[PDB]
Amino acid sequence: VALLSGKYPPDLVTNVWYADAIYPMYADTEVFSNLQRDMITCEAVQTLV
Amino acid sequence: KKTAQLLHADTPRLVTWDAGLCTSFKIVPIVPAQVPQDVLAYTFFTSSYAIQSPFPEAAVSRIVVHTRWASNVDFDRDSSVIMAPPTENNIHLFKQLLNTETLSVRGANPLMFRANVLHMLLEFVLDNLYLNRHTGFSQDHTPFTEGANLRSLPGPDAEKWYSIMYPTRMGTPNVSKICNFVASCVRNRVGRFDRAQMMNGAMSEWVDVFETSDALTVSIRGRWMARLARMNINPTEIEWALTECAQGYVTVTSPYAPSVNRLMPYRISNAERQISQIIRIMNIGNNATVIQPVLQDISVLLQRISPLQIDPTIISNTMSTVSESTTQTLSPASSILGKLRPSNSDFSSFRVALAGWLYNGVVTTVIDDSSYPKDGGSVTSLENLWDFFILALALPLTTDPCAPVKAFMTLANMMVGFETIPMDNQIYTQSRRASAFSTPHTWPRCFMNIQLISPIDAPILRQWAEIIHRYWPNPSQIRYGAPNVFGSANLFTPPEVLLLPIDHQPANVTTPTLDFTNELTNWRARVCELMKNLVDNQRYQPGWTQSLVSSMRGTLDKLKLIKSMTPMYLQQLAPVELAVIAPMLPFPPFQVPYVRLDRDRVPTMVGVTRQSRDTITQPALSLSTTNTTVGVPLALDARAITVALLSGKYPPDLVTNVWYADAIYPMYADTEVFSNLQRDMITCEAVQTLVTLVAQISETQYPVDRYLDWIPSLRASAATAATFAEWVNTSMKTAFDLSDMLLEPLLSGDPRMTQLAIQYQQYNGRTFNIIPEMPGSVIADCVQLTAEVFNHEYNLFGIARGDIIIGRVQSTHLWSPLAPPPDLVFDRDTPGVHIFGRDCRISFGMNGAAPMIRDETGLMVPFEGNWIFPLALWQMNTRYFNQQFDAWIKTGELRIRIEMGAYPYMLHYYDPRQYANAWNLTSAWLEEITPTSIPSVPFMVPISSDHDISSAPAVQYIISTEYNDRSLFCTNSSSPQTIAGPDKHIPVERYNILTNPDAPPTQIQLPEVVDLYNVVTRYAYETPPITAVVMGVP
């Protein structure tokens, strides 16, 4: 059903839509904390061994 | 909704009359005149003596668009385009389509502009579809003209219409601008100057007059009149067409004398009927509940018209002719009178079998499965015998192309356990139910050639196959209609021809007596003889007395010799009735050829197409793939058809000519076909208009010219195209006052590759195509002419062309911002400009170093110079750009050119003798720019003075790149001259018919310049109903 039906707004501009979609999603990002967490995880594994 | 649309459709309103003025532009006074001044004495001006003036008396006057502001009409199209003066905001016109996501009330999305203008132009055309009406005249009793004839307008307050409509009648006591202009004109070109007076003491047929109007709507109404004139017909042709339609059973008369001119627009072209038929066929497909009421209506009408009536007792009495003894348990006559089972209320099922003959291309009539034996047929039982007899009589009347094989297999299922013949496989065997054999593929190979049947093993089936193969009824054709007015809608068959599965022969005598030479009796004779063969069998008899074999052959001879008038009626009277009825049908006949036993030719598919695929622009290549199949079967009762075939009766005294003359007379007084023709024309016009308008915003396969590609428009998709098409459909339906469906079958799809064609294919693989020709359309051509004119006259419609420069300019000079000096403008080719695009990045300054922004070349520049921006860059970074650049634009030396293409504008006027600053308006405009919308551009323009004034400072911040002041009329229209500010005199080119004495009176200057004084034709034609002039003999 999802394949046979589906549509776009009759006033879509992809640049505007994707700017408005990406700004608030990236404004809440956690990659830096994840990188620090991965560093500590690797340290801990080596210490245990 | 669909079946009501099929039965009858709303009649559009074509002919409408206008009694006002043929103009749609209006001059208005933006600024008040300075009459009580202190250089000229007030006695100079003609405003103080209260002379009515042809033009407004003001310091500034401007032209605006206002459709039908002077008209007086008897029907309302209700699609007006109304424009406020440029000192008001007109954004609401440009924000009506696809601006549903705009928050501000004062802004519109630029990328939608081209969509909004096009629709606007359509509206402009739709409101001007009218005919100019001839009112009446009077001769001048004053010396102001040379005894001219002046026209009268209906309604109140005509004393101002007289001053507006004849500019050259005004006196000239003065050296004002208006007096100079009107003294420069010629004086003999006012009023009427033609007259077609054909009959004494009646209205003149038409007149030609000089009057205030514009050339554009005159052109539109000329095209409209030309179309309606090509559609016209006269009473004699109507008489001939009606006489042909009735085959001679109705006579109507026409008058013979010189009469007044009438307008009865009804003749259309054949392609229009083709296209309408195709649209309707795709509208009806695969739905039985849509088409069944049509056949019911036609059957009721067939009963109303026909002399034959059904008398069941004609069988019953013959059945009582022989007696059977009270010493037996089974009786043939009882079986007949039980299985036939008449009640005379089933006559409909008979008539429905005849109406189906007109529609075998979309409907198939098949025998209901319950008529067959419940568990299969056994030759030993009498019920099964007579069921076979009923089916073998009933099958030929249907249009099901597989009836012969169904009959053959109905007998073969009876012989299982008695005789055997080879089959093709194990699934479709001899014990298979006969109804299962429903396609040409299921036809067995023994049926084709008779060598596969043993004459010693199955002689009965050998004989039955021979009987079927050489004695099945032959198809025929008859002539019908009157194509000189109605045309024809025959797609695959030639026009004027109606096909039948049964041979037709006309009658020689109007007082018929029983005859058995008809084909239907000959078939029944074959059937009864073949029944006798297998009844006489000694293998059948053992459970039966010899007297029972005799009584079976006796009752087979009773029905062989029944007095049945049904067969002769179908051979001679029924085809005439069908040919008479057919031209009045609201859904005209649609057929595919009948084939008798030629299996290589049975039709297996009927398909209409509505769009194309990818990279295929020619219909012949894409029709074979993009089509959609159409058709449903219909179920009939076998016992009803058999009873009607056996028991037909004429009235005791019948003379056919008198009967049909009395019956057919009332039905020809109805005029629904003349409405259907106008409906067809409107449908074709709408389809072509849709194609032409859609082609402008997206790519398509048709060749069309493109005038408005300087207006910004979005990247359209399928959704945008559908959304535009729905607006087009709504406007088209509202203008012509239609409440039912129009263009909606097309809109359930992608409208960017539309096409119309139909095809059908045979069993052996041969396919036949119909591709109707596009007839052309006048609405589309008028819309394209409106586009051509708009290309030069965009200023009157509120749109300015080009770009703008933002920058501080301060001086005491009095030039207009809509026509600035060339030294204030710069462009891409100017030495020293910087051009910006997507990747501009601002870097902040430190310790007193200036901030910078990145060029396209890669160099980084500070905030002063000549920059070129596209609008979207400011749109997508609005707040940041404002907060960075506004101080430097306001006080610094920064000037920015914003590329916009087309935009609306607003005008603000001021007194030049005082200080004026425009920063507030421009700051508001800059700050109100958002990613998806902008407001109207504000301009500041000085007021013109007719005497000395002192100067004062002024600050300007927005200028336009090119000349955009075309909507200005004269300034200081009452003073002798203009001393300061922009100066303009009354435009001579608009009044060229009056100012140039050597020009012909009928000249026009489109599309470059729209004239404002023209020659107009006004008519007085009659539009009576057809019944009024064509009278039948009661």
# chains A, B, ... in the order shown; residues from 1 in each chain; ligands from 1
>>> residues_around(residues="segment 360-367 of chain B", least_positions_apart="4", cutoff="7 Å", atoms="only C-alpha atoms", output="PyMOL selection string")
chain B and resi 356+398-400+590-592+630-638
>>> interface_residues(of="chain B", to="chain A", cutoff="7 Å", atoms="only C-alpha atoms", output="compact mmCIF listing (two decimals) with N, CA, C and O atoms, in the first residue's frame")
# COMPACT_ATOMS: atom_id res chain seq x y z
N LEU B 98 -0.97 28.31 -4.80
CA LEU B 98 0.17 27.65 -4.14
C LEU B 98 0.89 28.52 -3.10
O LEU B 98 2.08 28.37 -2.89
N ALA B 719 2.72 16.70 -8.63
CA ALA B 719 1.74 17.28 -7.72
C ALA B 719 1.39 18.70 -8.12
O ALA B 719 0.21 19.08 -8.11
N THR B 720 2.39 19.51 -8.48
CA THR B 720 2.11 20.88 -8.88
C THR B 720 1.28 20.94 -10.15
O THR B 720 0.38 21.77 -10.28
N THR B 723 -2.27 20.12 -9.28
CA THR B 723 -2.88 21.21 -8.54
C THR B 723 -3.25 22.37 -9.46
O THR B 723 -4.28 23.02 -9.26
>>> select_by_dssp(residues="segment 799-1022 of chain B", states="helix (DSSP H, G or I)", output="tab-separated table (two decimals) with N, CA, C and O atoms, in the first residue's frame")
chain	number	residue	atom	x	y	z
B	822	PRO	N	20.89	56.78	-16.66
B	822	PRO	CA	21.70	55.58	-16.90
B	822	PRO	C	22.92	55.46	-16.01
B	822	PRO	O	23.44	54.36	-15.86
B	823	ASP	N	23.40	56.55	-15.43
B	823	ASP	CA	24.63	56.53	-14.64
B	823	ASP	C	24.43	55.96	-13.25
B	823	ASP	O	25.41	55.72	-12.54
B	824	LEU	N	23.18	55.75	-12.82
B	824	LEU	CA	22.93	55.15	-11.53
B	824	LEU	C	22.85	53.63	-11.62
B	824	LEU	O	22.76	52.96	-10.58
B	871	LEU	N	18.37	36.97	-5.77
B	871	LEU	CA	17.43	37.15	-4.67
B	871	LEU	C	17.51	36.02	-3.65
B	871	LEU	O	17.38	36.26	-2.44
B	872	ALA	N	17.71	34.79	-4.11
B	872	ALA	CA	17.67	33.64	-3.21
B	872	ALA	C	18.76	33.71	-2.15
B	872	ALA	O	18.56	33.23	-1.03
B	873	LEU	N	19.91	34.29	-2.48
B	873	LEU	CA	20.97	34.38	-1.48
B	873	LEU	C	20.53	35.24	-0.30
B	873	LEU	O	20.78	34.88	0.85
B	874	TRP	N	19.87	36.37	-0.56
B	874	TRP	CA	19.33	37.15	0.55
B	874	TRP	C	18.18	36.42	1.22
B	874	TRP	O	18.00	36.53	2.44
B	875	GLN	N	17.38	35.68	0.46
B	875	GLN	CA	16.25	34.99	1.07
B	875	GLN	C	16.72	33.96	2.09
B	875	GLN	O	16.17	33.89	3.19
B	876	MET	N	17.73	33.17	1.76
B	876	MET	CA	18.09	32.03	2.60
B	876	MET	C	18.96	32.43	3.79
B	876	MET	O	19.23	31.59	4.65
B	878	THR	N	18.47	35.65	5.66
B	878	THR	CA	17.85	36.96	5.80
B	878	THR	C	18.38	37.73	7.00
B	878	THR	O	18.88	38.85	6.86
B	879	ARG	N	18.24	37.15	8.19
B	879	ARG	CA	18.56	37.86	9.43
B	879	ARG	C	20.04	38.22	9.49
B	879	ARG	O	20.40	39.36	9.83
B	880	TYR	N	20.90	37.27	9.15
B	880	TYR	CA	22.34	37.50	9.16
B	880	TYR	C	22.74	38.61	8.19
B	880	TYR	O	23.51	39.51	8.55
B	881	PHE	N	22.19	38.58	6.98
B	881	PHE	CA	22.53	39.59	5.99
B	881	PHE	C	22.04	40.97	6.42
B	881	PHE	O	22.76	41.96	6.25
B	882	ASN	N	20.83	41.06	6.96
B	882	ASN	CA	20.36	42.35	7.47
B	882	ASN	C	21.32	42.89	8.51
B	882	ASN	O	21.86	44.00	8.37
B	883	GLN	N	21.60	42.09	9.54
B	883	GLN	CA	22.38	42.58	10.67
B	883	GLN	C	23.81	42.90	10.26
B	883	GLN	O	24.50	43.66	10.94
B	884	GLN	N	24.28	42.33	9.14
B	884	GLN	CA	25.64	42.66	8.70
B	884	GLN	C	25.66	43.90	7.79
B	884	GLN	O	26.58	44.71	7.88
B	885	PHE	N	24.66	44.06	6.92
B	885	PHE	CA	24.81	45.00	5.81
B	885	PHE	C	23.99	46.27	5.95
B	885	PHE	O	24.21	47.22	5.19
B	886	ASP	N	22.99	46.31	6.84
B	886	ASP	CA	22.08	47.45	6.80
B	886	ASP	C	22.75	48.76	7.19
B	886	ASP	O	22.45	49.80	6.60
B	887	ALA	N	23.66	48.74	8.16
B	887	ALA	CA	24.34	49.97	8.54
B	887	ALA	C	25.17	50.52	7.39
B	887	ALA	O	25.21	51.74	7.15
B	888	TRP	N	25.84	49.63	6.65
B	888	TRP	CA	26.70	50.06	5.56
B	888	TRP	C	25.89	50.50	4.35
B	888	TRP	O	26.36	51.33	3.57
B	889	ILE	N	24.69	49.96	4.16
B	889	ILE	CA	23.84	50.48	3.09
B	889	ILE	C	23.27	51.84	3.48
B	889	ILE	O	23.18	52.75	2.64
B	890	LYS	N	22.89	52.01	4.74
B	890	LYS	CA	22.26	53.25	5.18
B	890	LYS	C	23.23	54.42	5.17
B	890	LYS	O	22.91	55.51	4.69
B	919	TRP	N	13.96	55.97	4.00
B	919	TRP	CA	14.63	54.85	4.66
B	919	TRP	C	13.65	53.92	5.35
B	919	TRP	O	13.88	52.71	5.38
B	920	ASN	N	12.58	54.45	5.94
B	920	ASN	CA	11.67	53.59	6.70
B	920	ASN	C	11.01	52.53	5.82
B	920	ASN	O	10.95	51.36	6.20
B	921	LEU	N	10.53	52.93	4.64
B	921	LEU	CA	9.88	51.98	3.73
B	921	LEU	C	10.84	50.89	3.30
B	921	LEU	O	10.49	49.71	3.28
B	922	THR	N	12.07	51.27	2.95
B	922	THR	CA	13.03	50.29	2.45
B	922	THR	C	13.53	49.37	3.56
B	922	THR	O	13.76	48.19	3.33
B	923	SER	N	13.71	49.90	4.77
B	923	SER	CA	14.07	49.04	5.89
B	923	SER	C	12.98	48.03	6.17
B	923	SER	O	13.26	46.86	6.42
B	924	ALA	N	11.72	48.47	6.14
B	924	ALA	CA	10.63	47.52	6.32
B	924	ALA	C	10.64	46.45	5.24
B	924	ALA	O	10.48	45.26	5.53
B	925	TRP	N	10.84	46.85	3.98
B	925	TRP	CA	10.85	45.87	2.90
B	925	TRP	C	12.00	44.88	3.06
B	925	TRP	O	11.81	43.67	2.89
B	926	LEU	N	13.19	45.37	3.41
B	926	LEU	CA	14.33	44.49	3.59
B	926	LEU	C	14.10	43.52	4.74
B	926	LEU	O	14.45	42.34	4.64
B	927	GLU	N	13.53	44.00	5.84
B	927	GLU	CA	13.40	43.15	7.01
B	927	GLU	C	12.25	42.16	6.87
B	927	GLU	O	12.23	41.14	7.56
B	989	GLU	N	-0.41	57.48	-29.66
B	989	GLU	CA	-0.48	56.18	-30.32
B	989	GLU	C	-1.74	55.41	-29.94
B	989	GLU	O	-2.26	54.62	-30.74
B	990	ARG	N	-2.25	55.62	-28.72
B	990	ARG	CA	-3.47	54.93	-28.31
B	990	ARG	C	-4.67	55.42	-29.10
B	990	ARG	O	-5.62	54.67	-29.35
B	991	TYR	N	-4.68	56.70	-29.47
B	991	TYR	CA	-5.77	57.27	-30.25
B	991	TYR	C	-5.39	57.46	-31.71
B	991	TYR	O	-5.82	58.45	-32.32
B	992	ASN	N	-4.62	56.54	-32.29
B	992	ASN	CA	-4.11	56.71	-33.65
B	992	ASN	C	-5.24	56.81	-34.67
B	992	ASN	O	-5.06	57.43	-35.72
B	993	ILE	N	-6.39	56.21	-34.38
B	993	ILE	CA	-7.48	56.24	-35.35
B	993	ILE	C	-8.03	57.66	-35.47
B	993	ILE	O	-8.66	58.00	-36.48
B	994	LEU	N	-7.79	58.50	-34.47
B	994	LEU	CA	-8.33	59.85	-34.48
B	994	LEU	C	-7.27	60.87	-34.86
B	994	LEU	O	-7.56	61.87	-35.52
B	995	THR	N	-6.02	60.65	-34.43
B	995	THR	CA	-4.96	61.62	-34.66
B	995	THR	C	-4.36	61.54	-36.05
B	995	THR	O	-3.94	62.56	-36.59
>>> atom_distance(atom1="atom CA of residue 5 of chain B", atom2="atom CA of residue 679 of chain B")
11.8 Å
>>> atom_distance(atom1="atom CA of residue 217 of chain B", atom2="atom CA of residue 75 of chain B")
17.6 Å
>>> closest_residue(among="B:13, B:187, B:792, B:649", to="residue 265 of chain B", atoms="only C-alpha atoms")
B:13
>>> residues_around(residues="residue 856 of chain B", least_positions_apart="2", cutoff="10 Å", atoms="only C-alpha atoms", output="count of residues only")
11
>>> residues_around(residues="residue 386 of chain B", least_positions_apart="4", cutoff="12 Å", atoms="only C-alpha atoms", output="PyMOL selection string")
chain B and resi 332-340+371-373+377-382+390-393+411+414+527-528+531+535+552+555-556+559+639+642
